[PDB]
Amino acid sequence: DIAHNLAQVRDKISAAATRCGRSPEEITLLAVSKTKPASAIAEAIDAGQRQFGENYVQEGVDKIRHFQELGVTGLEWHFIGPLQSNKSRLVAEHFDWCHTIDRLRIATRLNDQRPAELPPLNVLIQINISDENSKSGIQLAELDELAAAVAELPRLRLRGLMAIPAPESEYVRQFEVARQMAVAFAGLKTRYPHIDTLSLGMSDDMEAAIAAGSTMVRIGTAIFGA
């Protein structure tokens, strides 16, 4: 039951924030609806969920168009999958956020294809903080340079960072890795304007990510099942 699952996830988030001395309002729940049908999303919407993450362009755009045509206003759609050049126009025209900026050319493409009447596309730069096997994300040493270039793009808005850490079961390593992201995030925040989003944490490392300084967790299975 999606409505019950949303309540359960929101409870765990709230507890984790409170335990480490943070206001639960600091933590945004991104409901990851990848591979789930639009009816499942509609249940979540009926239960008050407004922010949804999708990983595949056509699937996500089809959902966006569905809920726009039902005249459901007030939603926020985040693209959190890897972005290919030949599918960036659909992201630029329909999504509100994109978490996976890891090369300048894809951000310039998104900026160029974003209609001017839309709000700027909110973007995070994705860090590969700890995953040997992944080809997504930049190294931290590239961040200052990429952030400067992306920051000039007028149809985008740089809001912070995202990372998918390598899968990790030891709480200690979950926290230490998430802290590396939080340190980078804080350093970015002191020099850049409107840095407010650290997209970090899924169901299995939610507590360490929140304790370390995440502002946004990405939950799929624990909301929608599998």
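Just count from 1 along the sequence shown to find any residue number.
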Worksheet item: Where do the C-alpha atoms have the higher mean temperature factor in this entry, in 164 to 172 or in 25 to 33?
Response: 164 to 172
Response to the item:
Higher avg CA temperature factor (149 to 157 vs 91 to 99, as deposited) belongs to 149 to 157
Discussion item. Sorting 40, 181, 70, 64 by Cα temperature factor from the record, which one lands on top?
Written reply: 70
Item to complete: Can you pull the Cα B-factors for 124, 118, 143, 110 from the entry and say which is highest?
Response: 118
Worksheet, complete the sentence: By the entry's values, the third containing the CA B factor of residue 192 is the highest
Discussion item. Ranking the modelled residues of this chain by C-alpha B-factor as given in the entry, is residue 114 in the lowest, middle or highest third?
Written reply: middle
Worksheet item: Among the modelled residues of its chain, does the C-alpha B-factor of residue 209 lie in the lowest, middle or highest third?
Response: lowest
Worksheet item: Of the three thirds of its chain by CA temperature factor, lowest, middle or highest, which one includes residue 16?
Response: lowest
